[PDB]
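Right, one structure below, let's go through it.
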Amino acid sequence: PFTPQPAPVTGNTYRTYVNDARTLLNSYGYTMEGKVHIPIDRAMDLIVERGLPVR
Amino acid sequence: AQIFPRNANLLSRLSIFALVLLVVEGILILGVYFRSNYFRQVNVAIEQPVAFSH
């Protein structure tokens, strides 16, 4: 029983969605209806700086 | 030459040789079975009740 060789996946995959979104989550930019983008791992620093209401 | 044909001298030695080969082949078959992909169910696609595709 040789190791199976599954057929290659069809063209449509999730990879293009994830690559586009993570690229959007960096490198700033200007959105369509708004003013400016903020990269991820940087807006989180703004959140801990300004803080959220507690209790 | 009393109770045996002429060829038996060759056959007897060949038989001993064949016996040793058969013995070695026996141990070989035994080890191959206990390490095969059918005995250990290796590279066998087990059918699932719902046919889930990872």
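So you can find residues: chains in the structure tokens are A, B, ... in the order shown, residues in each start at 1, and ligands are numbered from 1 in order.
If you take only C-alpha atoms and a cut-off of 9 Å, the residues of chain A that reach chain B are residues 1, 2, 3 and 4 of chain A.
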Select from chain A everything DSSP, run on the backbone, classes as helix (DSSP H, G or I), then give the selection as a short mmCIF file (atom, residue, chain, number, x, y, z; two decimals) with C-alpha atoms, in the first residue's frame.
data_model
loop_
_atom_site.label_atom_id
_atom_site.label_comp_id
_atom_site.auth_asym_id
_atom_site.auth_seq_id
_atom_site.Cartn_x
_atom_site.Cartn_y
_atom_site.Cartn_z
CA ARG A 15 -5.32 31.97 0.61
CA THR A 16 -6.12 35.06 -1.46
CA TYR A 17 -8.63 36.31 1.12
CA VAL A 18 -6.21 35.90 4.03
CA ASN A 19 -3.24 37.43 2.19
CA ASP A 20 -5.27 40.48 1.13
CA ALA A 21 -6.75 41.03 4.60
CA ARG A 22 -3.44 40.70 6.47
CA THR A 23 -1.83 43.05 3.94
CA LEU A 24 -4.71 45.44 4.67
CA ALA A 43 -3.97 50.11 17.07
CA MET A 44 -3.67 47.65 19.96
CA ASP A 45 -1.06 49.96 21.49
CA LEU A 46 -3.53 52.82 21.10
CA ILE A 47 -6.22 50.75 22.85
CA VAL A 48 -4.05 50.04 25.91
CA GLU A 49 -3.06 53.72 25.93
CA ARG A 50 -6.53 55.28 25.83
#
- One decimal place gives the CA of residue 14 in chain B-CA of residue 32 in chain B separation as 26.5 Å
